[PDB]
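*Asks:* Residue numbers (the working numbering), protein chains in the order written: chain Z, 22 to 543; chain U, 26 to 299; chain F, 26 to 299; chain W, 164 to 641. Okay, here's the structure, questions in a sec.
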Amino acid sequence: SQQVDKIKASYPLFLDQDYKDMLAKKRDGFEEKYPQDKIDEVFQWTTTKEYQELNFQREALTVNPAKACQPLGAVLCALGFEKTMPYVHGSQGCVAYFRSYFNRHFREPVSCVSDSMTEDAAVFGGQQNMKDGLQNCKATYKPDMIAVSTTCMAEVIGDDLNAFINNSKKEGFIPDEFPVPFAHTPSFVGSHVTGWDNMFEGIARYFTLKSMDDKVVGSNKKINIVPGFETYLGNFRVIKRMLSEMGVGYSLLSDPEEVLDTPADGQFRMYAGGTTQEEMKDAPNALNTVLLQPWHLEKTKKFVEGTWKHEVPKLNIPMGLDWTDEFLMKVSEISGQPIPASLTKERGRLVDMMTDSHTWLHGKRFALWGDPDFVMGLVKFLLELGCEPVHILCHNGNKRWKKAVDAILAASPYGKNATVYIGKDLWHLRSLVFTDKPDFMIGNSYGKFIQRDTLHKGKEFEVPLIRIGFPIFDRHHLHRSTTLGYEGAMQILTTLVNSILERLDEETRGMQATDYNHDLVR
Amino acid sequence: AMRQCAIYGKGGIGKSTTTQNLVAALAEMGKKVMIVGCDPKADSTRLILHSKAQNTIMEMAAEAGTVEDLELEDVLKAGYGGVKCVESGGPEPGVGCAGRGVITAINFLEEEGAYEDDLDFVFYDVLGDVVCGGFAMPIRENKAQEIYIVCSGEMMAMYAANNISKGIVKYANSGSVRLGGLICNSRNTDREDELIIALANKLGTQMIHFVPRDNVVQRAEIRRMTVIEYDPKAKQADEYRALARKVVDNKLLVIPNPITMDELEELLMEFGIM
Amino acid sequence: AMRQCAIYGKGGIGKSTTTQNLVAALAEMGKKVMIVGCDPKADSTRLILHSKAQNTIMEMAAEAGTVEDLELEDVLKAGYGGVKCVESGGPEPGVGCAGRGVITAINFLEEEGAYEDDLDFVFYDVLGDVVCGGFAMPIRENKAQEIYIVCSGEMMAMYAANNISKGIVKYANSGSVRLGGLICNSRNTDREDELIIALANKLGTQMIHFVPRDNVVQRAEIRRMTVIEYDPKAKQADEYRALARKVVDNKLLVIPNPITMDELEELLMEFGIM
Amino acid sequence: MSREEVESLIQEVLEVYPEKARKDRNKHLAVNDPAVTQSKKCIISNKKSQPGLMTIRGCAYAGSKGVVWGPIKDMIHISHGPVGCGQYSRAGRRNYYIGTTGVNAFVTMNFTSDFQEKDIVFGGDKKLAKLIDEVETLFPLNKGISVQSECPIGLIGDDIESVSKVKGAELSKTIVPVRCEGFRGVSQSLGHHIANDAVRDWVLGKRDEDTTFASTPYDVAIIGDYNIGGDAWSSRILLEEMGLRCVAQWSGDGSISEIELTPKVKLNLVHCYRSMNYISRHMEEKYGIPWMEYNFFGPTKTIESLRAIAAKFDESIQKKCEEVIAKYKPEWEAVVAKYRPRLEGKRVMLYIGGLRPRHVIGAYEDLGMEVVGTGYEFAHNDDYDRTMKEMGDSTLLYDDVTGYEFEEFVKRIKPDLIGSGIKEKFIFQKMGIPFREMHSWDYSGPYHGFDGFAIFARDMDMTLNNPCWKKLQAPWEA
Ligand SMILES: Nc1ncnc2c1ncn2[C@@H]1O[C@H](COP(=O)(O)OP(=O)(O)O)[C@@H](O)[C@H]1O
Ligand SMILES: Nc1ncnc2c1ncn2[C@@H]1O[C@H](COP(=O)(O)OP(=O)(O)O)[C@@H](O)[C@H]1O
Ligand code: CFM
Ligand code: CLF
Ligand code: SF4
Ligand code: ALF
Ligand code: ALF
Ligand SMILES: [Ca+2]
Ligand SMILES: [Mg+2]
Ligand SMILES: [Mg+2]
């Protein structure tokens, strides 16, 4: 039943007695479910160390992974170029998934195309699909460029992207000079970030490899910046802002901030801003190239150093205090520009916030996961704050990265109880937050299910989730935030401390029980 | 009744030629046979249809939209001796996935009940490079029950035979498929027969028959026909007749016992010199 | 300098054996060569390494975790005449996907810079059934610049040769790969030499050389070596020395001109009989 | 208005496509007409999507694992292949269930083989076998396992059925191999079919010889309701209120045991014809169980369905059916009295999967709104035959519409509201057109039955008459 004045959606609604009675009869009559005692018993069991060992012995089963496949990253990278249409050679089911995955995080439109290879195309190859596909896309969506990546199907059967594109041109399906960069993006190799790296290197090669003759390093007096897979709009903006504030000439290669944040003014814009073709062709003339997230821009680096001859600095992602400082000093050394009073003040303000909030952050244990560069940045910042990262999980991390994170952890007394796990998933992390409870965990929306599980064991065992990372589907507009630079550090810091204070207020809200510590001033 | 067999072996060893010539003999004995070609090149039924088959399952499915719109009559043809032919079909060399082509072809035939009730034999003629799961489709559960590996006294051909045997063990343990024996399609090497018999014994099977190398096979091939139809009186024609009976009466069906590379090198040294 | 070549052709037509013998000749001439085996069976380097190599890229990568943790030294070995040998590797027959393994193997060689600066030649030895894109990896852009198709007067072998020629066109039109010619590895058929020459002319290429069928090849093979090493004075040894020179001095590189099945039947009837 | 203008609009739109695509797409756009009983003379459907035109269609995997199998509570569904398919489809469909996630229920979780390069090159059947053993250890309360094939599994020919049979016998468990390789078919549709067949082949017959189940003359089964936002539960309460006993719900809050008990029911009530007609037709020819399509979207349809259903039984059920209708009458009448005046005359354009494009029209009309355009992502022609009667004359119909087409159609038709999926939502909102997700209900309560109609009405009004739609244009820009 419903009261027209106070209509109930599923949550309140199914708590009405008639619905409870019904679900009870459904359960007992036909579900043949295990007794509640057995369920609780098994639940408890899944929270012990005995279960944890069995859990960590897994060799074939992955449960609740913290990573996506390559093409997802290739698409995001392509969206960063002006009037470019991400084109994924292979099955259409993929593209439907890449779009909705991004639609949900950015809550924005995401344009991506597929050449819908079906059964017979998997058998005879996907060249026709490429010829008709490139022609149809160009005519219909009028892009100025089509960036081609692949689905696993096309990768297994070894569809030759280069040969298909070249023949599509030779046969008149698209103009000879129309830019069609491409990249092989194996869903069974690496993760989404590797896709971003491959797609970018493929785009840089297309506009640069065959025309290096006239290029001179440093001639355009700019600094190229490669963001890598980034899903925080504020990160693109803060980098542009800091460089311009230093009066430093820069070229951001792959800039999707505009297409991922168009205005709702009565008009739909499929394309907006983005890195221009001229900027990419001119990139070799820059003074140097900076890679914002080195741990997943490995292929790009190799190309930029070998072909462009730029001495890519060994810099960590500019997160936290020390790495942002290092980033600025390097940029200053490469461009000759001094660090302005402006940025010096901003740095001092962050330090102020750190000092003002250090007593609440000290000793707080955290479990966290995400992509390589992001996670390392958080670890580094966490340590500077006097926090204790205890479980560091990076599903798509590798041995070298782990070695580097361990070095950052050993250089700090606060990294004494931290462990770095690679190739582990959220079900592994679930075990860790039960057997070795942290105060909070930092990760994407997938961690909500972990907070749900911990609370089920009891309020005192609950581990609240702090939403930072990708993807974030259960909160609105967090993709507008910033995690890079002093600005990003200020946002992360405010979030951590207030999360801590929130939980403290929740635990002491009980009247004549715990409210003796429900202070107005914290 | 109804026996399903699958033919494997070294590339170009002569399994399609032998298969068609053996089937012609089988039809001559009054048996009802159907051969299923499982090679991108649709050349496993040329000698029976007296022509290169053009209505392959894959190519026909592509035109009809989906394999779900395909109908047996369109791809099933009859030839010499009433022998029925079907070709999986596949991509030209260097593109596509021929393995998926066979997976889809066999599944189509299974659902269309092509493997009708009154057939006496069904032969799956597989290419020589079983480089994937799709080409093992013929020996999955409820398919071919016996496998014949064609080979010769050549070192490489014997290696491929032992290699294919390792691959068979999986399907033989999970199902009921068994190796029925080795067919030596002579290539005039030294002590050829001794080599094959030696390998056979090692694997735990038998050398079903020894098919002499005869240019008559080629002459009949040029004309688009088996020896049996080209020259019934030909000495080679009787070779296939003998093979046919050996196959019809064969009762030795085993699970291959693969040998190591060193055992094979050793085997060659002993029975291959002189 | 530095010429990359790919060998293709009918299954079991003799490409792995001819290549190794041709290469042994090349090294005799003082040329530096690398042979890249692109066949699941890692058998394209036995006559040069005097043993079946076991350190295949794919198997080595499976052990080291990923191909990214692999290193040239572990899979690249030098053999007779200083010839360098690498094997793609793959699964046992009937499972997995050997095509993808080749794609991965080739890229690893590319990224590890195996194709060193002072090599004179690199030969990709490809299996006989190019059933997918993976096996065309050798002839994609910036790889093999010349292709040699090995065949014989046998109807099925010439059909495979023409069929492969069709698959080459996509790659030749999009890149710089060209057909360098047909190598006739004789199998004693009638008017064999005329047959191959006619087909070559039709395709628009040439019959580079005619290797005779000689059991000495088998005796050398049994002892795990090429004829050039086994018996330098052998008449067959000189046949390979002549093949080597024809290859080194070859300047005819064209785009295959595929013929229809009917044209092929008509060609067999004209130059095949008598 | 006027099919003349609509047909012209269709032609104008097709002007941008290259010849080949133009000719093909033309067969998928049409102007409805109430009398044609055979839609193959008006529109063609269930065909391949033209390459590069940005369609909204999914794959067979989404159709198998995403809609049919994933809903099942106490079974573990393994996305066999590279990590990815499984990650993107994790908890993306709101098929609601009651259970203790991670111990006796696993709907919201993503189990996968996470294929790496060596798994593709060397095969993954051994990995699948080991994976099944790990699942049995860590999740002892699972009542069955299914393995949903992703693209690569279909190409390399892994022998999943063999592993399913072997491990199945060893562990004494139901292990269902599903060959839903993405590239099969042309949409989510073939995945439904493959899924139904797997149920039939590996699960449905389990209790053919068992007779310990105590049945009644009133046993029914609801099939084709995935309990989106609780849709199935708010439907179930109505059926049981009029005296029926729902022995099973197919895949929404469904368990494997109720699936196994379906062959014992007296009548199969099918909501989603597109995805479940296959198994409904099989249960009729094998068990003699009749089936009938129903519609619980809006009061007119719900009341019509309750009466048609009740007619299949005796008088006691028909009496209870009228009692159920009398009970809710005041409630839905109150809903219309309040929301119809706010929605009256507003025009809507829809584009969904294979059922709702046609099924929700009545509820819209119950609020006085008119559906000016409708279409499906992957419907067959038997779906379009059922659609022409529901749509008004001279209305627009589109099959597997492209991004460009949909956008251009909306610009000219200028509907007051659009009901589609998440991939369209943000485009139209930018254009200033109220949009409502007709798949996930935009995370809102149920829309089925009488209780859902009230939430349906409140949602349509909340969005359509929101004040933001007036602010799109900056004051300083006429
Ligand atoms: N016993 C034989 N005598 C003469 N030629 C033979 C014999 N067996 C096979 N051949 C020849 O060898 C070629 C390859 O045979 P084919 O059936 O294609 O083998 P595969 O099925 O292994 O490819 C054919 O052209 C045929 O002339
Ligand atoms: N010129 C030749 N004379 C005699 N036998 C040969 C000759 N060339 C090849 N062979 C034989 O043919 C067998 C298979 O050839 P192989 O090199 O494996 O070719 P492919 O690589 O096409 O399979 C070898 O074991 C060898 O005995
Ligand atoms: S797009 Fe239903 S045939 Fe299927 S997930 Fe939605 S209009 Fe599906 S009603 Fe259903 S619960 Fe659906 S909303 Fe048939 S199940 S493949 Mo996307
Ligand atoms: S059509 Fe459908 S969703 Fe696509 S792959 Fe195939 S079953 Fe799966 Fe999977 S991992 Fe990523 S998302 Fe694709 S590239 Fe492969
Ligand atoms: S090796 Fe087999 S499964 Fe792999 S792409 Fe080639 S034909 Fe297909
Ligand atoms: F060379 Al084949 F079958 F024709 F192995
Ligand atoms: F059988 Al092969 F090259 F070894 F064709
Ligand atoms: Ca938005
Ligand atoms: Mg053959
Ligand atoms: Mg070989």
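Using N, Cα and C, we set each Cβ at its ideal position, and we do this for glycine too.
Identify the continuous beta strand (DSSP E) that holds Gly464 of chain Z and give its terminal residues.
*Replies:* For the purposes of this step, residue 464 of chain Z is taken as residue 443 along the first sequence, with counting starting at 1. Taken as a continuous stretch (DSSP letters only), the beta strand (DSSP E) holding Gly464 of chain Z covers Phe461 to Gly464.
*Asks:* Cβ closer than 7 Å: which chain F residues qualify as neighbours of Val177 of chain Z?
*Replies:* Taking the first sequence and counting its residues from 1, the one referred to as residue 177 of chain Z is at position 156. Those within 7 Å of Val177 of chain Z in chain F are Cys122 and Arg125.
*Asks:* Report yes or no: is there a C-beta of chain W within less than 8 Å of the C-beta of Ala87 of chain F?
*Replies:* In the third sequence, the residue the question calls residue 87 of chain F occupies position 62. Judged by the 8 Å Cβ criterion, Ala87 of chain F is in contact with chain W.
*Asks:* Just grab the DSSP bridge partners of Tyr33 of chain U for me.
*Replies:* The sequence position of residue 33 of chain U within the second sequence is 8, counting from 1. Its beta-bridge partners are U:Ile174.
*Asks:* Quick one: is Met183 of chain U near chain F, going by C-beta distance under 8 Å?
*Replies:* The count along the second sequence starts at 1 and reaches residue 183 of chain U at position 158. Judged by the 8 Å Cβ criterion, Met183 of chain U is not in contact with chain F.
*Asks:* Can you tell me whether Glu179 of chain U is buried or exposed, with buried defined as 16 or more other CB within 10 angstroms of its CB?
*Replies:* Taking the second sequence and counting its residues from 1, the one referred to as residue 179 of chain U is at position 154. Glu179 of chain U comes out buried.
*Asks:* For the putative contact between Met83 of chain F and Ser41 of chain F, defined by C-beta atoms under 8 Å, what is the C-beta separation to the nearest angstrom?
*Replies:* Residue numbering aside, residue 83 of chain F sits at position 58 when the third sequence is read from its first letter. Residue numbering aside, residue 41 of chain F sits at position 16 when the third sequence is read from its first letter. About 18 Å; that fails the 8 Å criterion.
*Asks:* Examine chain W for any beta-carbon lying closer than 8 Å to the beta-carbon of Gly62 of chain F, and answer yes or no.
*Replies:* The count along the third sequence starts at 1 and reaches residue 62 of chain F at position 37. No, no contact with chain W.
*Asks:* Checking contacts by CB at 8 Å: is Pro116 of chain F closer than that to chain W?
*Replies:* The count along the third sequence starts at 1 and reaches residue 116 of chain F at position 91. Yes, its Cβ sits closer than 8 Å to a Cβ of chain W.
*Asks:* For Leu353 of chain W, collect the residues of the same chain with a Cβ closer than 6 Å to its Cβ; drop the 5 residues on either side in sequence, then sort them by chain order.
*Replies:* As a first step, residue 353 of chain W is located in the fourth sequence; it is residue number 190 there, counting from the start. Closer than 6 Å at the Cβ level, and outside the excluded window around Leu353 of chain W, lie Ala223 and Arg347.
*Asks:* Considering only heavy atoms of ligand 8, list every residue whose Cβ is less than 6 Å from one of them, following chain order.
*Replies:* This selection yields Z:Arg128, Z:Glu129 and W:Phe589.
*Asks:* Considering only the beta carbon of each residue, do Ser325 of chain W and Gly244 of chain W sit closer than 8 Å?
*Replies:* On the fourth sequence, position 162 is the one that residue 325 of chain W refers to. On the fourth sequence, position 81 is the one that residue 244 of chain W refers to. Contact: no.
*Asks:* Given this structure, state the Cα-to-Cα distance separating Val426 of chain Z from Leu453 of chain Z, to the nearest angstrom.
*Replies:* Position 405 of the first sequence, counted from the start, is the residue given in the question as residue 426 of chain Z. Position 432 of the first sequence, counted from the start, is the residue given in the question as residue 453 of chain Z. The alpha-carbon atoms of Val426 of chain Z and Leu453 of chain Z are separated by roughly 19 Å.
*Asks:* Decide if the segment 184–200 of chain F is in contact with the segment 41–54 of chain U; the criterion is three or more beta carbon pairs, one per stretch, under 8 Å apart.
*Replies:* No: fewer than three Cβ pairs fall under 8 Å.
*Asks:* Report whether the distance from the Cβ of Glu246 of chain F to the nearest heavy atom of ligand 2 is below 7 Å.
*Replies:* Numbered from its first residue, the third sequence carries residue 246 of chain F at position 221. For ligand 2, at least one heavy atom lies less than 7 Å from the Cβ of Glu246 of chain F.
*Asks:* Per the DSSP calculation, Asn629 of chain W is bridged to which residue(s)?
*Replies:* For this step, residue 629 of chain W is matched to residue 466 along the fourth sequence. Its beta-bridge partners do not exist; DSSP assigns none.
*Asks:* Strictly by DSSP, which residues pair up with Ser583 of chain W?
*Replies:* By one-based count along the fourth sequence, residue 583 of chain W stands at place 420. Answer is W:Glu600.
*Asks:* How many angstroms separate the CA atom of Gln231 of chain F from the CA atom of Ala186 of chain F?
*Replies:* Taking the first residue of the third sequence as 1, we reach residue 231 of chain F at position 206. Taking the first residue of the third sequence as 1, we reach residue 186 of chain F at position 161. Going from the Cα of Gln231 of chain F to the Cα of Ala186 of chain F covers about 13 Å.
*Asks:* Using 10 angstroms around the beta-carbon of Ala161 of chain U, count the other beta-carbons present and answer buried if the total reaches 16, otherwise exposed.
*Replies:* As a position in the second sequence, residue 161 of chain U is number 136, starting the count at 1. With 16 or more Cβ atoms within 10 Å of its Cβ, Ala161 of chain U is classed as buried.
*Asks:* Please report whether the beta-carbon of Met294 of chain F lies at a distance below 8 Å from any beta-carbon of chain U.
*Replies:* By 1-based counting over the third sequence, the position of residue 294 of chain F is 269. Answer yes: the Cβ-Cβ gap between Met294 of chain F and chain U drops below 8 Å somewhere.
*Asks:* Express the C-alpha separation of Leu371 of chain Z and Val100 of chain F in angstroms, rounding to a whole number.
*Replies:* Reading the third sequence from its first residue, position 75 is the one you call residue 100 of chain F. Reading the first sequence from its first residue, position 350 is the one you call residue 371 of chain Z. Rounded to the nearest angstrom, the two C-alpha atoms are 53 Å apart.
*Asks:* Decide if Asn209 of chain W is buried, meaning its Cβ has at least 16 other Cβ atoms within 10 Å, or exposed.
*Replies:* For this step, residue 209 of chain W is matched to residue 46 along the fourth sequence. Label assigned to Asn209 of chain W: buried.
*Asks:* Distance, Cα to Cα, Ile208 of chain U vs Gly34 of chain U?
*Replies:* As a working note, residue 208 of chain U is residue 183 in the second sequence. As a working note, residue 34 of chain U is residue 9 in the second sequence. Cα to Cα, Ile208 of chain U sits roughly 9 Å from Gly34 of chain U.
*Asks:* Apart from the five residues just before and just after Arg166 of chain W, which ones in its own chain have a Cβ nearer than 6 Å to its Cβ?
*Replies:* Within the fourth sequence, numbered from 1, the residue matching residue 166 of chain W stands at position 3. Within the same chain, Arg166 of chain W has close Cβ partners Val194 and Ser557.
*Asks:* At 7 Å on the CB atoms, spell out the chain Z contacts of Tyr196 of chain F, in chain order.
*Replies:* By one-based count along the third sequence, residue 196 of chain F stands at place 171. Under the 7 Å cutoff, chain Z gives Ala184.
*Asks:* Taking contact to mean at least 3 C-beta pairs separated by less than 8 Å, is the segment 255–262 of chain W in contact with the segment 67–85 of chain Z?
*Replies:* Too few Cβ pairs lie closer than 8 Å, so no.
*Asks:* Along the segment 138–165 of chain F, where does the CB come closer than 8 Å to a CB of chain U? Name the residues.
*Replies:* Here the close residues are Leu152, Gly153, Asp154, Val155, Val156, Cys157, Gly158, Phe160, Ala161 and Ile164.
*Asks:* Ligand 4 and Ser208 of chain Z: does any heavy atom of the ligand fall closer than 7 Å to the residue's C-beta?
*Replies:* In the first sequence, the residue the question calls residue 208 of chain Z occupies position 187. Yes.
*Asks:* Any contact between the segment 399–419 of chain Z and the segment 81–90 of chain Z? By contact I mean 3 or more CB pairs, one from each, below 8 Å.
*Replies:* Segments in contact, yes.
*Asks:* Given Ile471 of chain Z, which residues of its chain have a CB within under 8 Å of its CB, disregarding the five upstream and five downstream residues?
*Replies:* For this step, residue 471 of chain Z is matched to residue 450 along the first sequence. Counting only Cβ-Cβ distances below 8 Å, and skipping sequence neighbours, we find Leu447, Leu450, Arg451, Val454, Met462, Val484 and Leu486.
*Asks:* Report buried or exposed for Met233 of chain Z, applying the criterion of at least 16 other Cβ atoms within 10 angstroms of its Cβ.
*Replies:* Counting from 1 along the first sequence, the entry for residue 233 of chain Z is found at position 212. Under this definition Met233 of chain Z is an exposed residue.
*Asks:* So does the segment 574–594 of chain W actually touch the segment 410–425 of chain W, counting three or more Cβ pairs closer than 8 Å?
*Replies:* Contact fails: fewer than three Cβ-Cβ distances are below 8 Å.
*Asks:* Would you say the beta carbon of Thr172 of chain Z comes nearer than 7 Å to a heavy atom of ligand 4?
*Replies:* Locating residue 172 of chain Z in the first sequence gives position 151, where the first residue counts as 1. Checking the Cβ of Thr172 of chain Z against ligand 4 gives yes.
*Asks:* Strictly under 8 Å for the Cβ-Cβ distance: is residue 139 of chain W near chain Z by that measure?
*Replies:* With chain W represented from 164 up to 641, any question about residue 139 of chain W goes unanswered, as that position is not in the structure.
*Asks:* Any idea if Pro197 of chain W is buried or exposed, counting beta-carbon neighbours within 10 angstroms, 16 or more meaning buried?
*Replies:* Looking up residue 197 of chain W in the fourth sequence gives position 34. Exposed.
*Asks:* Per DSSP, what are the beta-bridge partners of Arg386 of chain Z in this structure?
*Replies:* In the first sequence, residue 386 of chain Z corresponds to position 365, counting from 1. Beta-bridge pairing links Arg386 of chain Z to Z:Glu409.
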